[PDB]
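Taking it in order: structure first as structure tokens, then the write-up.
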Amino acid sequence: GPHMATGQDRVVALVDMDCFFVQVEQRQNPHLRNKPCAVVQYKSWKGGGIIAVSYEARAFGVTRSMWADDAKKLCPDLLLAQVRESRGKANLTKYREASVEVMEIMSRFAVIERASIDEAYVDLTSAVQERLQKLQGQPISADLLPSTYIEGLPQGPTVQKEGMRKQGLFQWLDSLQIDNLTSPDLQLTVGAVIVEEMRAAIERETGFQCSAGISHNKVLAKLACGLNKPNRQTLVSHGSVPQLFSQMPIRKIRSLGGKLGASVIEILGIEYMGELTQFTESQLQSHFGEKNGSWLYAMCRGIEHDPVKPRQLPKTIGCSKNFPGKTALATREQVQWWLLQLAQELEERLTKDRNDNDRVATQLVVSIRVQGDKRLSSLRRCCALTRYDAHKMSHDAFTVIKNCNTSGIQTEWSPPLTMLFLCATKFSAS
DNA sequence: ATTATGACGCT
DNA sequence: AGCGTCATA
Ligand SMILES: [Ca+2]
Ligand SMILES: [Mn+2]
Ligand SMILES: [Mn+2]
């Protein structure tokens, strides 16, 4: 009872850009705004692979991973923007730089954890305490939450979406105890006021719209974010968790979308996150290991303690290229030329990184895939990274992989390489 | 022949 | 250290 921790100590948000690469291209090219459009890389093979899709195009059934020729079958008027190509490969610099724009704005409000190119977690606990004492016990107006959904509301004793949104918000605010500066629900609510402000600043200063989730931890914040996209934010309270989880497929929770989630379902004979509450912590630890068991036991009750890490910059800087089907690299000269292309982009990104961020990578990781191997990576070897020099980096990468060549004929490369990957790691301040 | 990434956990 | 898992545009 009185000693049962409820995982309500923190206010955590997850902010995630709507259709991000698409918005980046739409900002640049006004002709693409408010249209079914997608971002594609390469073109020769089946029109190129789609990697981002506007909400107008999703309405036609267009998705990520789709070939553009196939997408055009669903949506003949689909507009396309192509990822830049440099040194013979897709180059994602425009999107990385747009990401920095957004991350720097978010960082004005709080410490952030960069979680991907288009999203960050925010620990708003301190900021909330500040805003609360500023408010002086003043109630929170619905006007301060113009894009916020309260998950699970309205409930109990209008047929429009915005009307439903306002109805739930009214019920929520009607119920709040705004005179208790330690109420978790009030704290979340103030968190949501701050995220409205964060999201308004992002849109004002970049043109980009985003969604957000506000809860007590990262997993719930991430889940919440997706509940009402695009261009909206969702508050998931501790109290909303039982109903939310009662019909929530296990695979929807972050880290459970893969093999572990599949095993939870198979071994326990369940489908929904809520069904996990009926197992003891020891039971879950027996099936899924000590760490996962404890994590599952708390997570299904809406509790998780993973901190928002203070990290705005990526820990690694990498360059990779697949060489699929018949384009697999079969000659030493071929392997060396592409190692050089990768190494040249890597040097460019590393040099910019060193100037912007006062750090230097110290380790070069080289990874390849060989034709026929089921796995995404066949081999991963490291060597020292002592100078930002593309020719040296590619020569070194060749050295650490050159013995992988089955061929007695040195000029030939067998088995042919279906992937090359160069990654700079182990940064030190400089 | 989705591709190009990026973080973290295991042994 | 090298491998595997899970994730996102
Ligand atoms: Ca997104
Ligand atoms: Mn995202
Ligand atoms: Mn996505």
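Identifiers for the structure tokens are assigned positionally: chains receive A, B, ... in sequence, residues are indexed from 1 per chain, and ligands are indexed from 1 in the order shown.
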Exercise for the section: For ligand 3, collect every residue having any atom at a distance of at most 9 Å from a ligand atom (counting only C-alpha atoms (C1' of nucleotides) and all ligand atoms); output as a PyMOL selection string. Expected result: (chain A and resi 18-20+51-52+64) or (chain C and resi 8-9)
Exercise for the section: Return as a ChimeraX atom specification the full set of residues in stretch 209-362 of chain A whose backbone-based DSSP assignment is helix (DSSP H, G or I). Expected result: /A:218-228,241-246,250-252,259-268,273-278,281-288,290-299,325-327,332-357
Contacts of ligand 1, 12 Å or closer, only C-alpha atoms (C1' of nucleotides) and all ligand atoms, given as a compact mmCIF listing (two decimals) with N, CA and C atoms (P, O5', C5', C4', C3', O3' and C1' of nucleotides), in the first residue's frame:
```
# COMPACT_ATOMS: atom_id res chain seq x y z
N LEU A 14 8.47 12.65 -24.84
CA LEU A 14 9.15 12.23 -26.06
C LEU A 14 8.61 13.07 -27.19
N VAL A 15 9.50 13.82 -27.85
CA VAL A 15 9.09 14.63 -28.99
C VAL A 15 9.60 14.02 -30.27
N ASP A 16 8.70 13.82 -31.22
CA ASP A 16 9.02 13.12 -32.44
C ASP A 16 8.46 13.86 -33.68
N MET A 17 9.31 14.20 -34.63
CA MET A 17 8.92 15.01 -35.79
C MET A 17 7.92 14.23 -36.67
N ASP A 18 6.87 14.85 -37.17
CA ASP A 18 5.95 14.18 -38.07
C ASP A 18 6.64 13.96 -39.45
N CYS A 19 6.57 12.74 -39.98
CA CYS A 19 7.05 12.41 -41.32
C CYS A 19 8.35 13.14 -41.66
N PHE A 20 9.38 12.98 -40.87
CA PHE A 20 10.41 13.98 -40.80
C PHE A 20 11.16 14.31 -42.10
N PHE A 21 11.67 13.34 -42.82
CA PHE A 21 12.41 13.65 -44.04
C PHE A 21 11.50 14.34 -45.05
N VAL A 22 10.22 13.95 -45.06
CA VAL A 22 9.24 14.61 -45.92
C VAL A 22 9.10 16.09 -45.57
N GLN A 23 8.97 16.41 -44.28
CA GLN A 23 8.85 17.82 -43.91
C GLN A 23 10.09 18.59 -44.31
N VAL A 24 11.26 17.97 -44.17
CA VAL A 24 12.51 18.64 -44.55
C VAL A 24 12.48 19.01 -46.03
N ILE A 51 11.56 5.90 -47.93
CA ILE A 51 11.93 5.88 -46.53
C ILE A 51 11.11 6.82 -45.65
N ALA A 52 10.33 7.71 -46.26
CA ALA A 52 9.40 8.56 -45.49
C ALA A 52 8.18 8.93 -46.33
N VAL A 53 7.03 9.10 -45.67
CA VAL A 53 5.74 9.21 -46.36
C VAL A 53 4.87 10.27 -45.69
N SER A 54 4.35 11.21 -46.47
CA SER A 54 3.47 12.24 -45.92
C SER A 54 2.13 11.62 -45.55
N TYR A 55 1.42 12.27 -44.64
CA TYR A 55 0.16 11.73 -44.16
C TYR A 55 -0.89 11.69 -45.27
N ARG A 64 6.56 3.27 -45.83
CA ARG A 64 7.99 3.05 -45.79
C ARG A 64 8.30 1.61 -46.21
N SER A 99 17.89 17.89 -38.14
CA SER A 99 17.77 17.32 -36.81
C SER A 99 18.43 18.21 -35.75
N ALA A 115 17.38 10.36 -29.34
CA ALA A 115 17.03 8.95 -29.41
C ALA A 115 17.06 8.43 -30.84
N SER A 116 16.97 9.35 -31.80
CA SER A 116 17.10 9.04 -33.22
C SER A 116 17.31 10.35 -33.95
N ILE A 117 17.43 10.29 -35.27
CA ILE A 117 17.57 11.51 -36.06
C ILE A 117 16.37 12.46 -35.88
N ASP A 118 15.19 11.95 -35.49
CA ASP A 118 14.03 12.84 -35.43
C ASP A 118 13.28 12.86 -34.10
N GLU A 119 13.91 12.39 -33.03
CA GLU A 119 13.22 12.42 -31.74
C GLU A 119 14.17 12.46 -30.54
N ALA A 120 13.70 13.08 -29.46
CA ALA A 120 14.46 13.15 -28.24
C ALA A 120 13.55 13.01 -27.03
N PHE A 208 8.83 23.01 -38.86
CA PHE A 208 8.50 21.59 -38.72
C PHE A 208 7.47 21.34 -37.63
N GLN A 209 6.51 20.47 -37.92
CA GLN A 209 5.54 20.03 -36.93
C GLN A 209 5.96 18.70 -36.32
N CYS A 210 5.52 18.45 -35.10
CA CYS A 210 5.89 17.24 -34.40
C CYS A 210 4.78 16.80 -33.49
N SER A 211 4.87 15.56 -33.04
CA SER A 211 3.96 15.06 -32.04
C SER A 211 4.74 14.86 -30.75
N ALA A 212 4.03 14.63 -29.64
CA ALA A 212 4.73 14.35 -28.38
C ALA A 212 3.92 13.50 -27.44
N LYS A 222 6.91 7.50 -25.13
CA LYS A 222 7.02 7.05 -26.51
C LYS A 222 5.69 6.49 -27.03
N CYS A 225 3.13 9.31 -27.51
CA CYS A 225 3.41 10.15 -28.67
C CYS A 225 2.68 9.65 -29.93
N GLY A 226 2.68 8.33 -30.12
CA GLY A 226 2.10 7.74 -31.31
C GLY A 226 0.58 7.65 -31.31
N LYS A 229 -0.95 11.11 -33.59
CA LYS A 229 -0.17 11.82 -34.59
C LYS A 229 -1.01 12.01 -35.87
N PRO A 230 -0.73 13.07 -36.66
CA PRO A 230 0.38 14.03 -36.51
C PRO A 230 -0.01 15.32 -35.82
N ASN A 231 1.00 16.12 -35.49
CA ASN A 231 0.78 17.48 -35.00
C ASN A 231 -0.07 17.56 -33.72
P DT C 8 10.91 2.58 -33.59
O5' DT C 8 11.81 3.66 -34.34
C5' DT C 8 12.55 4.64 -33.61
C4' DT C 8 13.28 5.50 -34.61
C3' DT C 8 12.37 6.04 -35.71
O3' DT C 8 12.55 7.43 -35.90
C1' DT C 8 14.19 4.83 -36.69
P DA C 9 11.02 7.62 -37.24
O5' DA C 9 11.75 8.11 -38.53
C5' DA C 9 12.12 9.46 -38.82
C4' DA C 9 12.90 9.55 -40.12
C3' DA C 9 12.11 9.22 -41.37
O3' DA C 9 11.44 10.38 -41.84
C1' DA C 9 14.17 8.03 -41.39
```
Problem - Test item, strand (DSSP E or B) assignment across stretch 289-417 of chain A, answer as a count of residues only - result: 34
Closest-contact table, chain A side, partner chain B, 7 Å, counting only C-alpha atoms (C1' of nucleotides), as a Markdown table:
```
| residue | atom | partner | partner_atom | distance |
| --- | --- | --- | --- | --- |
| A:49 | CA | B:2 | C1' | 5.4 |
| A:65 | CA | B:2 | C1' | 4.6 |
| A:66 | CA | B:2 | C1' | 6.9 |
| A:320 | CA | B:4 | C1' | 6.5 |
| A:324 | CA | B:1 | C1' | 5.8 |
| A:325 | CA | B:1 | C1' | 6.4 |
```
Need to verify the contact set: stretch 361-363 of chain A, 12 Å, only C-alpha atoms (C1' of nucleotides), exclusion of same-chain residues closer than 6 positions in sequence. Can you return it as a PDB file with N, CA, C and O atoms, in the first residue's frame?
```pdb
ATOM      1  N   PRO A 314      25.103  12.253 -31.355  1.00  0.00           N
ATOM      2  CA  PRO A 314      25.347  10.817 -31.548  1.00  0.00           C
ATOM      3  C   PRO A 314      26.719  10.391 -31.003  1.00  0.00           C
ATOM      4  O   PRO A 314      27.634  11.213 -31.017  1.00  0.00           O
ATOM      5  N   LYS A 315      26.824   9.152 -30.510  1.00  0.00           N
ATOM      6  CA  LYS A 315      28.061   8.565 -29.975  1.00  0.00           C
ATOM      7  C   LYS A 315      28.964   7.985 -31.056  1.00  0.00           C
ATOM      8  O   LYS A 315      30.111   7.624 -30.798  1.00  0.00           O
ATOM      9  N   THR A 316      28.414   7.819 -32.252  1.00  0.00           N
ATOM     10  CA  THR A 316      29.160   7.220 -33.352  1.00  0.00           C
ATOM     11  C   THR A 316      28.838   7.991 -34.618  1.00  0.00           C
ATOM     12  O   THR A 316      27.781   8.631 -34.710  1.00  0.00           O
ATOM     13  N   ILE A 317      29.758   7.957 -35.577  1.00  0.00           N
ATOM     14  CA  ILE A 317      29.535   8.556 -36.890  1.00  0.00           C
ATOM     15  C   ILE A 317      29.911   7.509 -37.935  1.00  0.00           C
ATOM     16  O   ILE A 317      31.076   7.120 -38.030  1.00  0.00           O
ATOM     17  N   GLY A 318      28.924   7.029 -38.686  1.00  0.00           N
ATOM     18  CA  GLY A 318      29.142   5.914 -39.596  1.00  0.00           C
ATOM     19  C   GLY A 318      28.673   6.139 -41.022  1.00  0.00           C
ATOM     20  O   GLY A 318      27.842   7.010 -41.286  1.00  0.00           O
ATOM     21  N   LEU A 346      33.179   9.912 -44.483  1.00  0.00           N
ATOM     22  CA  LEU A 346      33.438   9.811 -43.056  1.00  0.00           C
ATOM     23  C   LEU A 346      34.361  10.943 -42.618  1.00  0.00           C
ATOM     24  O   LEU A 346      34.085  11.621 -41.628  1.00  0.00           O
ATOM     25  N   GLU A 347      35.444  11.167 -43.360  1.00  0.00           N
ATOM     26  CA  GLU A 347      36.364  12.262 -43.041  1.00  0.00           C
ATOM     27  C   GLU A 347      35.671  13.618 -43.021  1.00  0.00           C
ATOM     28  O   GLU A 347      35.932  14.461 -42.152  1.00  0.00           O
ATOM     29  N   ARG A 349      32.447  14.244 -42.484  1.00  0.00           N
ATOM     30  CA  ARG A 349      31.543  14.342 -41.353  1.00  0.00           C
ATOM     31  C   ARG A 349      32.339  14.460 -40.052  1.00  0.00           C
ATOM     32  O   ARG A 349      31.968  15.237 -39.179  1.00  0.00           O
ATOM     33  N   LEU A 350      33.444  13.718 -39.944  1.00  0.00           N
ATOM     34  CA  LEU A 350      34.287  13.754 -38.746  1.00  0.00           C
ATOM     35  C   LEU A 350      34.954  15.108 -38.542  1.00  0.00           C
ATOM     36  O   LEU A 350      35.094  15.581 -37.409  1.00  0.00           O
ATOM     37  N   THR A 351      35.404  15.719 -39.631  1.00  0.00           N
ATOM     38  CA  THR A 351      36.086  16.997 -39.511  1.00  0.00           C
ATOM     39  C   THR A 351      35.110  18.073 -39.046  1.00  0.00           C
ATOM     40  O   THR A 351      35.434  18.875 -38.167  1.00  0.00           O
ATOM     41  N   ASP A 353      32.426  17.459 -37.373  1.00  0.00           N
ATOM     42  CA  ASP A 353      32.115  17.092 -35.996  1.00  0.00           C
ATOM     43  C   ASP A 353      33.165  17.628 -35.029  1.00  0.00           C
ATOM     44  O   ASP A 353      32.823  18.135 -33.968  1.00  0.00           O
ATOM     45  N   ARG A 354      34.436  17.524 -35.403  1.00  0.00           N
ATOM     46  CA  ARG A 354      35.513  17.955 -34.518  1.00  0.00           C
ATOM     47  C   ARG A 354      35.448  19.464 -34.284  1.00  0.00           C
ATOM     48  O   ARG A 354      35.665  19.932 -33.173  1.00  0.00           O
ATOM     49  N   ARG A 381      35.578  -5.740 -37.460  1.00  0.00           N
ATOM     50  CA  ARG A 381      36.928  -5.611 -36.928  1.00  0.00           C
ATOM     51  C   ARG A 381      37.254  -4.140 -36.686  1.00  0.00           C
ATOM     52  O   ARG A 381      36.789  -3.264 -37.419  1.00  0.00           O
ATOM     53  N   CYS A 382      38.044  -3.872 -35.653  1.00  0.00           N
ATOM     54  CA  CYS A 382      38.388  -2.497 -35.303  1.00  0.00           C
ATOM     55  C   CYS A 382      39.868  -2.219 -35.512  1.00  0.00           C
ATOM     56  O   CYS A 382      40.690  -3.128 -35.504  1.00  0.00           O
ATOM     57  N   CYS A 383      40.203  -0.952 -35.698  1.00  0.00           N
ATOM     58  CA  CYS A 383      41.596  -0.537 -35.695  1.00  0.00           C
ATOM     59  C   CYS A 383      41.661   0.889 -35.184  1.00  0.00           C
ATOM     60  O   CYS A 383      40.629   1.538 -35.029  1.00  0.00           O
ATOM     61  N   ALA A 384      42.869   1.371 -34.917  1.00  0.00           N
ATOM     62  CA  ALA A 384      43.052   2.727 -34.414  1.00  0.00           C
ATOM     63  C   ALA A 384      42.627   3.756 -35.443  1.00  0.00           C
ATOM     64  O   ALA A 384      42.833   3.571 -36.643  1.00  0.00           O
ATOM     65  N   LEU A 385      42.033   4.841 -34.966  1.00  0.00           N
ATOM     66  CA  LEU A 385      41.750   6.002 -35.799  1.00  0.00           C
ATOM     67  C   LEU A 385      42.559   7.174 -35.254  1.00  0.00           C
ATOM     68  O   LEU A 385      42.153   7.830 -34.297  1.00  0.00           O
ATOM     69  N   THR A 386      43.712   7.434 -35.857  1.00  0.00           N
ATOM     70  CA  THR A 386      44.649   8.411 -35.310  1.00  0.00           C
ATOM     71  C   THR A 386      44.668   9.719 -36.085  1.00  0.00           C
ATOM     72  O   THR A 386      45.114  10.743 -35.571  1.00  0.00           O
ATOM     73  N   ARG A 387      44.207   9.679 -37.330  1.00  0.00           N
ATOM     74  CA  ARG A 387      44.128  10.880 -38.152  1.00  0.00           C
ATOM     75  C   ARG A 387      42.870  10.887 -39.004  1.00  0.00           C
ATOM     76  O   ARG A 387      42.465   9.859 -39.556  1.00  0.00           O
ATOM     77  N   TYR A 388      42.268  12.062 -39.112  1.00  0.00           N
ATOM     78  CA  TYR A 388      41.119  12.274 -39.978  1.00  0.00           C
ATOM     79  C   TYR A 388      41.592  12.382 -41.420  1.00  0.00           C
ATOM     80  O   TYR A 388      41.656  13.473 -41.985  1.00  0.00           O
ATOM     81  N   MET A 393      42.305   6.039 -43.709  1.00  0.00           N
ATOM     82  CA  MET A 393      41.235   5.268 -43.095  1.00  0.00           C
ATOM     83  C   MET A 393      40.815   4.101 -44.001  1.00  0.00           C
ATOM     84  O   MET A 393      40.581   2.991 -43.521  1.00  0.00           O
ATOM     85  N   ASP A 396      43.608   1.414 -43.994  1.00  0.00           N
ATOM     86  CA  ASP A 396      43.521   0.651 -42.746  1.00  0.00           C
ATOM     87  C   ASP A 396      42.354  -0.318 -42.742  1.00  0.00           C
ATOM     88  O   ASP A 396      42.482  -1.444 -42.258  1.00  0.00           O
ATOM     89  N   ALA A 397      41.214   0.122 -43.269  1.00  0.00           N
ATOM     90  CA  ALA A 397      40.031  -0.724 -43.318  1.00  0.00           C
ATOM     91  C   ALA A 397      40.285  -1.927 -44.207  1.00  0.00           C
ATOM     92  O   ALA A 397      39.830  -3.034 -43.923  1.00  0.00           O
ATOM     93  N   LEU A 422      31.796   1.731 -42.424  1.00  0.00           N
ATOM     94  CA  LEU A 422      32.857   2.372 -41.656  1.00  0.00           C
ATOM     95  C   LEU A 422      32.240   3.195 -40.553  1.00  0.00           C
ATOM     96  O   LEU A 422      31.412   4.053 -40.824  1.00  0.00           O
ATOM     97  N   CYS A 423      32.652   2.950 -39.309  1.00  0.00           N
ATOM     98  CA  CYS A 423      32.086   3.676 -38.178  1.00  0.00           C
ATOM     99  C   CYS A 423      33.181   4.202 -37.247  1.00  0.00           C
ATOM    100  O   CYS A 423      34.026   3.438 -36.776  1.00  0.00           O
ATOM    101  N   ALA A 424      33.158   5.512 -37.019  1.00  0.00           N
ATOM    102  CA  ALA A 424      34.052   6.175 -36.083  1.00  0.00           C
ATOM    103  C   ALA A 424      33.410   6.173 -34.696  1.00  0.00           C
ATOM    104  O   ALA A 424      32.226   6.516 -34.554  1.00  0.00           O
ATOM    105  N   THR A 425      34.187   5.776 -33.685  1.00  0.00           N
ATOM    106  CA  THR A 425      33.672   5.563 -32.331  1.00  0.00           C
ATOM    107  C   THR A 425      34.701   5.979 -31.272  1.00  0.00           C
ATOM    108  O   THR A 425      35.799   6.426 -31.602  1.00  0.00           O
ATOM    109  N   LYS A 426      34.339   5.806 -29.999  1.00  0.00           N
ATOM    110  CA  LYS A 426      35.216   6.131 -28.869  1.00  0.00           C
ATOM    111  C   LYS A 426      35.752   7.563 -28.924  1.00  0.00           C
ATOM    112  O   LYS A 426      36.958   7.783 -29.086  1.00  0.00           O
ATOM    113  N   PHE A 427      34.852   8.533 -28.794  1.00  0.00           N
ATOM    114  CA  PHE A 427      35.240   9.938 -28.818  1.00  0.00           C
ATOM    115  C   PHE A 427      35.926  10.354 -27.530  1.00  0.00           C
ATOM    116  O   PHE A 427      35.609   9.844 -26.450  1.00  0.00           O
ATOM    117  N   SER A 428      36.873  11.278 -27.666  1.00  0.00           N
ATOM    118  CA  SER A 428      37.485  11.957 -26.527  1.00  0.00           C
ATOM    119  C   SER A 428      37.392  13.452 -26.766  1.00  0.00           C
ATOM    120  O   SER A 428      37.414  13.908 -27.917  1.00  0.00           O
ATOM    121  N   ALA A 429      37.266  14.217 -25.688  1.00  0.00           N
ATOM    122  CA  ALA A 429      37.154  15.658 -25.825  1.00  0.00           C
ATOM    123  C   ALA A 429      38.449  16.174 -26.434  1.00  0.00           C
ATOM    124  O   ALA A 429      39.522  15.608 -26.212  1.00  0.00           O
ATOM    125  N   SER A 430      38.346  17.223 -27.238  1.00  0.00           N
ATOM    126  CA  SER A 430      39.520  17.780 -27.894  1.00  0.00           C
ATOM    127  C   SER A 430      39.417  19.293 -27.923  1.00  0.00           C
ATOM    128  O   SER A 430      39.889  19.939 -28.850  1.00  0.00           O
TER     129      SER A 430
END
```
Practice task
Would you mind listing what lies within 12 Å of residue A:403 as a list in words, with only C-alpha atoms (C1' of nucleotides) counted and same-chain residues fewer than 6 positions away left out?
Solution key: residues 332, 379, 381, 397, 410, 413, 414 and 415 of chain A
Handout entry: Using only C-alpha atoms and all ligand atoms: which of A:169, A:108, A:114, A:232 has the shortest distance to ligand 2
Key = A:114
Exercise for the section: Can you work out the spacing between atom CA of residue A:190 and atom CA of residue A:155 in Å, to one decimal? Expected result: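 Result for atom CA of residue A:190 versus atom CA of residue A:155: 22.1 Å, one decimal.
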Handout entry: d(atom CA of residue A:367, atom CA of residue A:85) in Å
Key =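 Distance reported for this atom pair: 21.6 Å.
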Practice task
Report the distance between atom CA of residue A:124 and atom CA of residue A:254 in Å, rounded to one decimal place.
Solution key: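 So the answer is 20.5 Å.
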Exercise for the section: Fewer than 6 positions away in the same chain doesn't count, so skip those; otherwise give me all residues within 6 Å of residue A:224, counting only C-alpha atoms (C1' of nucleotides), as a list in words. Expected result: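 Residues meeting the cut-off are residues 213, 234 and 236 of chain A.
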Practice task
Excluding stretch 1-7 of chain C and residues on its chain fewer than 4 positions from it, collect all residues at most 7 Å away from it, counting only C-alpha atoms (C1' of nucleotides), and give them as a ChimeraX atom specification.
Solution key: /A:255,258,380
